[PDB]
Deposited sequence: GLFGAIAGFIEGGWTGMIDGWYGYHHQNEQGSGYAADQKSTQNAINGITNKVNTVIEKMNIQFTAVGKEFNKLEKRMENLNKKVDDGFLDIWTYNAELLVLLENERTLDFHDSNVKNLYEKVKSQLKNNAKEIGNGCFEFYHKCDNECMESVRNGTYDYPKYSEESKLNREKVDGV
(Lines of atoms letter the chains of each structure in order from A and count residues from 1; the text may use other names and numbers.)
(Lines give C-alpha, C1' and ligand atoms only; values in the text may rest on other atoms or scores of the structure.)
Protein backbone atom coordinates (compact mmCIF):
# COMPACT_ATOMS: atom_id res chain seq x y z
CA UNK A 1 0.00 0.00 0.00
CA UNK A 2 0.85 3.69 0.27
CA UNK A 3 3.05 2.99 3.32
CA UNK A 4 4.81 -0.18 2.16
CA UNK A 5 3.80 -2.45 5.08
CA UNK A 6 0.54 -4.25 4.25
CA UNK A 7 0.98 -6.36 1.10
CA UNK A 8 4.51 -4.92 1.12
CA UNK A 9 7.50 -5.80 3.30
CA UNK A 10 5.00 -7.70 5.47
CA UNK A 11 3.70 -10.02 2.77
CA UNK A 12 0.58 -11.39 4.47
CA UNK A 13 -1.71 -11.30 7.46
CA UNK A 14 -2.16 -13.55 10.49
CA UNK A 15 -5.33 -15.61 10.78
CA UNK A 16 -3.83 -16.89 14.04
CA UNK A 17 -4.16 -13.38 15.52
CA UNK A 18 -7.85 -13.25 16.44
CA UNK A 19 -7.59 -10.61 19.17
CA UNK A 20 -6.77 -7.42 17.26
CA UNK A 21 -6.15 -5.67 13.97
CA UNK A 22 -2.41 -5.27 14.57
CA UNK A 23 -0.06 -7.03 16.94
CA UNK A 24 2.98 -9.18 17.49
CA UNK A 25 4.21 -12.74 17.19
CA UNK A 26 6.99 -13.90 19.49
CA UNK A 27 9.05 -17.05 19.77
CA UNK A 28 11.48 -17.51 22.67
CA UNK A 29 12.52 -20.34 25.03
CA UNK A 30 9.17 -20.45 26.79
CA UNK A 31 7.44 -20.99 23.45
CA UNK A 32 5.59 -19.03 20.78
CA UNK A 33 2.56 -16.79 20.67
CA UNK A 34 0.46 -14.09 19.09
CA UNK A 35 -0.51 -10.95 21.00
CA UNK A 36 -2.70 -8.14 19.70
CA UNK A 37 -1.75 -4.50 20.21
CA UNK A 38 -4.91 -3.28 21.89
CA UNK A 39 -4.17 0.47 22.06
CA UNK A 40 -3.46 0.87 18.34
CA UNK A 41 -6.38 -1.41 17.45
CA UNK A 42 -8.72 0.56 19.72
CA UNK A 43 -7.58 3.90 18.29
CA UNK A 44 -8.09 2.60 14.75
CA UNK A 45 -11.54 1.30 15.71
CA UNK A 46 -12.33 4.76 17.12
CA UNK A 47 -11.29 6.50 13.90
CA UNK A 48 -13.08 4.08 11.60
CA UNK A 49 -16.24 4.13 13.72
CA UNK A 50 -16.17 7.92 13.42
CA UNK A 51 -15.73 7.70 9.63
CA UNK A 52 -18.68 5.32 9.26
CA UNK A 53 -20.79 7.49 11.58
CA UNK A 54 -20.20 10.75 9.73
CA UNK A 55 -20.96 9.09 6.40
CA UNK A 56 -24.20 7.65 7.83
CA UNK A 57 -25.34 11.02 9.19
CA UNK A 58 -24.14 13.36 6.43
CA UNK A 59 -27.28 12.09 4.68
CA UNK A 60 -30.45 12.95 6.58
CA UNK A 61 -45.50 12.60 -6.84
CA UNK A 62 -47.18 14.91 -9.34
CA UNK A 63 -49.30 14.56 -12.47
CA UNK A 64 -49.77 16.74 -15.54
CA UNK A 65 -52.49 17.12 -18.16
CA UNK A 66 -51.81 17.09 -21.90
CA UNK A 67 -51.15 20.86 -21.98
CA UNK A 68 -48.50 20.89 -19.23
CA UNK A 69 -45.71 19.04 -21.03
CA UNK A 70 -43.10 21.72 -20.28
CA UNK A 71 -43.72 21.48 -16.53
CA UNK A 72 -43.72 17.67 -16.65
CA UNK A 73 -40.34 17.72 -18.40
CA UNK A 74 -38.94 20.28 -15.93
CA UNK A 75 -40.04 18.09 -13.01
CA UNK A 76 -38.41 15.06 -14.64
CA UNK A 77 -35.23 17.07 -15.30
CA UNK A 78 -35.13 18.05 -11.61
CA UNK A 79 -35.62 14.48 -10.38
CA UNK A 80 -33.02 13.12 -12.83
CA UNK A 81 -30.45 15.79 -11.98
CA UNK A 82 -30.75 15.18 -8.24
CA UNK A 83 -30.50 11.43 -8.88
CA UNK A 84 -27.35 11.92 -10.96
CA UNK A 85 -25.74 14.14 -8.33
CA UNK A 86 -26.49 11.78 -5.46
CA UNK A 87 -25.40 8.59 -7.24
CA UNK A 88 -22.17 10.36 -8.23
CA UNK A 89 -21.59 11.61 -4.68
CA UNK A 90 -22.25 8.25 -3.00
CA UNK A 91 -19.98 6.28 -5.34
CA UNK A 92 -17.19 8.89 -5.19
CA UNK A 93 -17.30 9.11 -1.40
CA UNK A 94 -17.18 5.33 -1.01
CA UNK A 95 -14.22 4.96 -3.39
CA UNK A 96 -12.08 7.66 -1.76
CA UNK A 97 -13.01 6.53 1.76
CA UNK A 98 -12.01 2.94 1.01
CA UNK A 99 -8.66 4.08 -0.37
CA UNK A 100 -8.03 6.25 2.70
CA UNK A 101 -9.03 3.44 5.08
CA UNK A 102 -6.71 0.85 3.53
CA UNK A 103 -3.90 3.41 3.66
CA UNK A 104 -4.82 4.15 7.29
CA UNK A 105 -4.33 0.49 8.22
CA UNK A 106 -1.06 0.34 6.27
CA UNK A 107 0.22 3.43 8.10
CA UNK A 108 -0.81 2.07 11.50
CA UNK A 109 1.10 -1.18 11.10
CA UNK A 110 4.19 0.56 9.67
CA UNK A 111 4.14 2.89 12.67
CA UNK A 112 3.97 -0.16 14.95
CA UNK A 113 7.02 -1.67 13.23
CA UNK A 114 8.99 1.58 13.53
CA UNK A 115 8.17 1.98 17.23
CA UNK A 116 9.50 -1.53 17.88
CA UNK A 117 12.60 -0.90 15.75
CA UNK A 118 13.53 2.40 17.40
CA UNK A 119 12.94 0.73 20.77
CA UNK A 120 15.27 -2.16 19.94
CA UNK A 121 18.17 -0.29 18.23
CA UNK A 122 21.16 -2.61 17.53
CA UNK A 123 20.13 -5.11 20.23
CA UNK A 124 18.46 -7.03 17.39
CA UNK A 125 18.73 -7.39 13.62
CA UNK A 126 16.00 -6.83 11.05
CA UNK A 127 15.52 -10.16 9.26
CA UNK A 128 12.76 -8.96 6.92
CA UNK A 129 9.07 -9.87 6.93
CA UNK A 130 8.63 -7.36 9.77
CA UNK A 131 10.64 -9.42 12.28
CA UNK A 132 13.61 -8.73 14.56
CA UNK A 133 15.97 -11.46 15.73
CA UNK A 134 17.33 -10.49 19.15
CA UNK A 135 21.05 -10.51 19.84
CA UNK A 136 20.17 -11.58 23.40
CA UNK A 137 17.76 -13.86 25.24
CA UNK A 138 14.33 -12.21 25.49
CA UNK A 139 11.84 -13.91 27.82
CA UNK A 140 8.10 -13.25 28.12
CA UNK A 141 8.84 -10.33 30.44
CA UNK A 142 11.19 -8.86 27.82
CA UNK A 143 8.58 -9.45 25.10
CA UNK A 144 5.96 -7.59 27.13
CA UNK A 145 8.56 -4.89 27.79
CA UNK A 146 8.73 -4.47 24.01
CA UNK A 147 4.93 -4.56 23.69
CA UNK A 148 4.13 -2.03 26.43
CA UNK A 149 6.90 0.23 25.09
CA UNK A 150 9.24 -0.13 28.08
CA UNK A 151 12.17 -1.98 26.50
CA UNK A 152 15.35 -1.56 28.56
CA UNK A 153 18.18 -1.10 26.06
CA UNK A 154 21.14 -0.79 28.51
CA UNK A 155 19.89 -3.89 30.35
CA UNK A 156 20.85 -6.14 27.41
CA UNK A 157 23.22 -3.71 25.65
CA UNK A 158 26.42 -5.54 26.58
CA UNK A 159 25.11 -9.09 25.96
CA UNK A 160 23.74 -8.11 22.55
CA UNK A 161 27.01 -6.30 21.81
CA UNK A 162 28.92 -9.50 22.58
CA UNK A 163 26.77 -11.80 20.47
CA UNK A 164 26.67 -9.22 17.66
CA UNK A 165 30.50 -8.98 17.82
Open item on the list: Against the full deposited sequence, which stretches does the structure leave out?
Closed with: 61-66, 172-176
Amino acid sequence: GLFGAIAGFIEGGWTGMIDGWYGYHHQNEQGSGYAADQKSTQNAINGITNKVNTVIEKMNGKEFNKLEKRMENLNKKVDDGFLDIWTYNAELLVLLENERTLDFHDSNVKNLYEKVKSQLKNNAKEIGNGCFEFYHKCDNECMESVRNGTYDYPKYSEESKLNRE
From here on, numbers count along this sequence of modelled residues.
Task: Stretch with the greater mean C-alpha B-factor as recorded in the entry, comparing 12-20 against 153-161 - done: 153-161
Task: Residue stretch of maximal mean CA temperature factor, 110-118 vs 97-105 - done: 110-118
- [ ] Among all modelled residues of this chain, ranked by Cα B factor, put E68 in the bottom, middle or top third, i.e. lowest, middle or highest.
- [x] lowest
Task: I127 CA temperature factor, ranked by third within the chain - done: highest
TODO: Consider only the C-alpha atoms of the modelled residues in this chain, order them by B-factor as the entry records it, and name the third containing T41: lowest, middle or highest.
DONE: lowest
- [ ] Could you say whether, by C-alpha temperature factor, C138 belongs to the lowest, middle or highest third of its chain?
- [x] highest
Open item on the list: Based on the deposited C-alpha B factors for this chain, I'd like to know if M59 is in the lowest, middle or highest third.
Closed with: highest
